[PDB]
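Right, one structure below, let's go through it.
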Amino acid sequence: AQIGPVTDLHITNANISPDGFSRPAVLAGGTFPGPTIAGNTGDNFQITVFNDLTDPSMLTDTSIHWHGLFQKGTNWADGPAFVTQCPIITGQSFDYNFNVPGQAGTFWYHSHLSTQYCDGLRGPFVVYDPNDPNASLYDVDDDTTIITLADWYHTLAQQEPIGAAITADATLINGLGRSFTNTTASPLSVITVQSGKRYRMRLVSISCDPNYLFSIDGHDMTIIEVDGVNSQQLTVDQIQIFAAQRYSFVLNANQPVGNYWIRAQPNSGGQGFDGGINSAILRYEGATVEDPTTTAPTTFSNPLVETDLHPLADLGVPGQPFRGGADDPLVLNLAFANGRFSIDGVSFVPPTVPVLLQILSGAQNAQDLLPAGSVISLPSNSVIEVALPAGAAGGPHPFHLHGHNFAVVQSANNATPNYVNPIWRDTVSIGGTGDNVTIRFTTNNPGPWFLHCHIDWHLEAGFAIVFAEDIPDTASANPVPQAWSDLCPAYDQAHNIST
Ligand SMILES: *[C@@H]1O[C@H](CO)[C@@H](O[C@@H]2O[C@H](CO)[C@@H](O)[C@H](O)[C@H]2NC(C)=O)[C@H](O)[C@H]1NC(C)=O
Ligand SMILES: *[C@@H]1O[C@H](CO)[C@@H](O[C@@H]2O[C@H](CO)[C@@H](O)[C@H](O)[C@H]2NC(C)=O)[C@H](O)[C@H]1NC(C)=O
Ligand SMILES: [Cu+2]
Ligand SMILES: [Cu+2]
Ligand SMILES: [Cu+2]
Ligand SMILES: [Cu+2]
Ligand code: NA
C-alpha cells in the first residue's frame, strides 16, 4: 500500500539481502526501497519522521529530502543537512509539513545526510493529478506500475573512501537483483501486465551513482513525463537514465503473452546479463512461470536523446535567445583533483550552522555566509542562466538544483542551444569533455537551494554550492515551526558541538 499524504515514517536499522548477500541497512518503513509516499497535486503532506537508528556505522542521525518538490515558503522542510536543517537525532521525530501546489508527477525521497541514502533510505514519492492531461493515454497507474532502479553495495557507505571511484555490487530493480561477483540465483522482480492494457510506468532512478541503459525486450516506451514535467509523447526503445531522474512512459502490453527481460545496464560495475544480473521480468497474465528467453538487440535504433523531448505545455524559455541572455548569467568552474571536487575553486564542506539558520539570524549577504565561497546569492524575480561545462573526472555528472526545475537550454553531446522548446527537468547530465550544458530558471522562491552533482560520492567529496535565492525575503517567506528551531540545539547538545 501507498502511505500519505499524512503519515508517520520510521527510520530503522535492519538486515536485508536483496541480492542474496546479507548486510545491515538504513530503512524507511522497514523495506528497500521504502514505501511509496503519495497524494494529489496541491495536497498538504505531513510526514512525521521518527529517527529510530542505533547503528553508528551508518550514522544514527538523519534528515530526509523530498526530491523535486519546490518547498515554496517551506525551505526549512527541504531536508539537506546543514543547508536547511540540522539532522534529527536518534529517539526524536520531526514533522515535515509542506504543500505541493502546482506540481504533479513522479518524485522520490532520500536521506540527505552524508552518503546515508546509499545505505538504504530511498523510496518513491508520487503526486497524482486528478485532471491529468495524459490520463487518456493509459489504463493503469498505481503502486504496481512504479519501477525503481538502484545501485547496491556490500561495503557500508561510511567505509567508502572519499573522492574514490566507488563501484556497486548489484543492480536492483524494484528492490531485487543479482550480485555481479559470486552471483547466486536469488529472486528477480516481476512486473505483471494484462495483454491489451496500457500502463503508466513510473521509472525512478534512486541511484547513488551509476546511470542505467533501461529497456524492455520486445517492447517500446512512450515518454509522457520527465522529472515531474509533462512531455509530448516520445517513443523510444531505450532510456539512459541518470541518478535521481524520473520518466513516465506508456507501456502497451501488445506483444504475445509471455515473459520478457527488463534490462538496466549500469555504466560501472557488472556489464551484461550473465546469470541474470542487471535484470527483472515482465510477465503477462497467463504466461508460464519461467524466466524469459528473449534477446536484446545489438544496438538500439530509437534511444532517448534529451533534445527530442519537449514540454506538453507551452513553457518556452525565460530570457533572451543567446548565451548570457539573462539577468544573472553564470558560468561555473567545475573541477576535480586529489580526491576532492570544487565549484568556482571551493570544495563544499558542510557548515556547523545550517545556511538557512545563518540567514534567519541576520547574515544577509553571501560573503557573510558559511562556508565561505560556497554560497552564491541570487537576486529576486530575475532570469538566471547557469552554464555547467563538463570535463571534471568521474563523469557524466547529473547536476540537480533544489527548489526549482529548469529549462535545459543545451544538453549533453550537442553544441546547439535551444531557446524555443527544450524540456524542463530537475536533474541533468552535464555530458563530456567540451560540452556546455546550460540551464535557466526564474527566481520566485526565496531560500537557500542546494546545487550539486547527484552522484552521492561526489557530493560527499565536495561537488556542491548553495544558491542563496533572495536572501532579503528568506525570513518573511519561510516562517519556521518551533520543532525546526529545536533541531540545532538538540543536535549540537547530543554531539557536544558549540555554536
Ligand atoms: C559556456 O557558455 C558560457 C556562456 O553561457 C561561456 O562563457 C563565456 O566564457 C568566455 C571565456 O571563456 C567569457 O569571455 C564570457 O564572458 C562568458 N559568457 C558569455 C560569452 O556569454 C563559456 O566559455 C562556455 N564554455 C564552454 C566550455 O564552451
Ligand atoms: C541538437 O540540438 C538541437 C537543439 O535542441 C536540435 O535542433 C533542433 O532540431 C529540431 C528537430 O529537427 C528542429 O525542429 C529545431 O528547429 C532544431 N533547433 C535548433 C535550435 O537548431 C538537434 O536536432 C540536436 N541534434 C541531434 C543530432 O539530435
Ligand atoms: Cu535527490
Ligand atoms: Cu533535490
Ligand atoms: Cu559527479
Ligand atoms: Cu541535494
Ligand atoms: Na522566451
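A few points about this structure:
- Scan of the range 401-416 for residues that are closer than 20 Å to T433 by Cβ, buried (at least 18 other Cβ atoms within 10 Å of the Cβ) and not aliphatic (A, V, I, L, M), ordered by number: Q410, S411
- The one condition in (1) of a type outside the set (A, V, I, L, M, F, W, C); (2) within 30 Å of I223 (Cα to Cα); (3) assigned by CATH to the domain that holds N13 that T84 fails to fulfil: (2)
- Any hit, the range 372-389, residues being touching a residue at least 40 places away in the same chain (Cβ under 8 Å), within 16 Å of ligand 3 (Cβ to nearest atom) and more than 23 Å from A150 (Cβ to Cβ): no
- The range 29-54, residues that are in a loop (DSSP other than H, G, I, E, B), under 13 Å from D8 (Cβ atoms) and out of contact with any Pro (no Cβ under 9 Å at 6 or more places or on another chain): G30, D52
- Some residue of the range 282-291 being part of a strand (DSSP E or B) and under 30 Å from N421 (Cβ atoms): no
- The range 78-93 - residue that is away from ligand 4 (no atom under 12 Å from the Cβ) and not β-branched (V, I, T) and, of those, nearest to the chain's Cα centre (by Cα): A81
- Per the listing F21, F50, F32, the residue uniquely among the aromatic types (F, W, Y) and over 28 Å from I166 (Cβ atoms) is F50.
- Scanning the range 312-334 for residues that are surrounded by fewer than 18 Cβ atoms within 10 Å (Cβ to Cβ), of a type outside the set (A, V, I, L, M) and within 16 Å of ligand 2 (Cβ to nearest atom) gives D314, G316, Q320, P321, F322, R323, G325.
- Here is the figure for the range 303-334: residues that are of a type in the set (S, T, N, Q), part of a loop (DSSP other than H, G, I, E, B) and outside the structural domain of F463 (by CATH) total 0.
- In the range 434-445, the condition of being closer than 21 Å to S111 by Cα and either surrounded by 24 or more Cβ atoms within 10 Å (Cβ to Cβ) or β-branched (V, I, T) (or both) is met by no residue.
- Output for the range 101-122, where each listed residue is within 17 Å of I146 (Cβ to Cβ) and polar (S, T, N, Q): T106
- Residue within the range 422-445 that is away from ligand 4 (no atom under 16 Å from the Cβ) and under 19 Å from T84 (Cβ atoms) present: yes
- With respect to being within 14 Å of ligand 7 (Cβ to nearest atom) and of a type in the set (D, E, K, R), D328 falls outside the description.
- Residue check for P389: closer than 30 Å to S248 by Cα, surrounded by fewer than 22 Cβ atoms within 10 Å (Cβ to Cβ) and within 16 Å of ligand 5 (Cβ to nearest atom): yes
- Strands (runs of 3 or more DSSP E) (entirely within the range 200-249) containing at least 2 residues that are touching a strand residue (DSSP E or B) at 6+ places or on another chain (Cβ under 9 Å) and within 30 Å of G120 (Cβ to Cβ): 212-216, 221-226, 239-241
- Residue in the range 54-62 that is within 16 Å of ligand 6 (Cβ to nearest atom), in contact with a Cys (Cβ under 9 Å, 6 or more places away or on another chain) and within 27 Å of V127 (Cβ to Cβ) present: no
- Tally of residues being buried (at least 19 other Cβ atoms within 10 Å of the Cβ) and either in a helix (DSSP H, G or I) or touching a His at 6+ places or on another chain (Cβ under 9 Å) (or both) across the range 335-383: 10
- Residue match in the range 403-419 (condition: of a type in the set (S, T, N, Q), touching a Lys or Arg at 6+ places or on another chain (Cβ under 7 Å) and not assigned by CATH to the domain that holds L304): yes
- Out of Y128, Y117, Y138, one residue alone is aromatic (F, W, Y) and not assigned by CATH to the domain that holds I47. It is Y138.
- Residue within the range 442-465 that is among the hydrophobic types (A, V, I, L, M, F, W, C), more than 15 Å from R340 (Cα to Cα) and either more than 16 Å from ligand 3 (Cβ to nearest atom) or free of Cβ contacts under 8 Å to residues at least 12 places away in the same chain (or both) present: no
- Residues (in contact (Cβ under 8 Å) with a residue 60 or more places away in the chain and more than 29 Å from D95 (Cα to Cα)) located in the range 11-29: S17, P18, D19, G20, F21, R23
- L330 meets each of the listed conditions (1) among the aliphatic types (A, V, I, L, M); (2) in contact (Cβ under 8 Å) with a residue 60 or more places away in the chain; (3) within 22 Å of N381 (Cβ to Cβ) apart from (2).
- Yes/no for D78 being more than 16 Å from ligand 5 (Cβ to nearest atom) and buried (at least 22 other Cβ atoms within 10 Å of the Cβ): yes
Numbers and lists here come from the model and the stated rules, or from a named source; no laboratory read-out is quoted. Neighbour counts run over all protein chains shown; Cβ positions are idealised from the backbone, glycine included.
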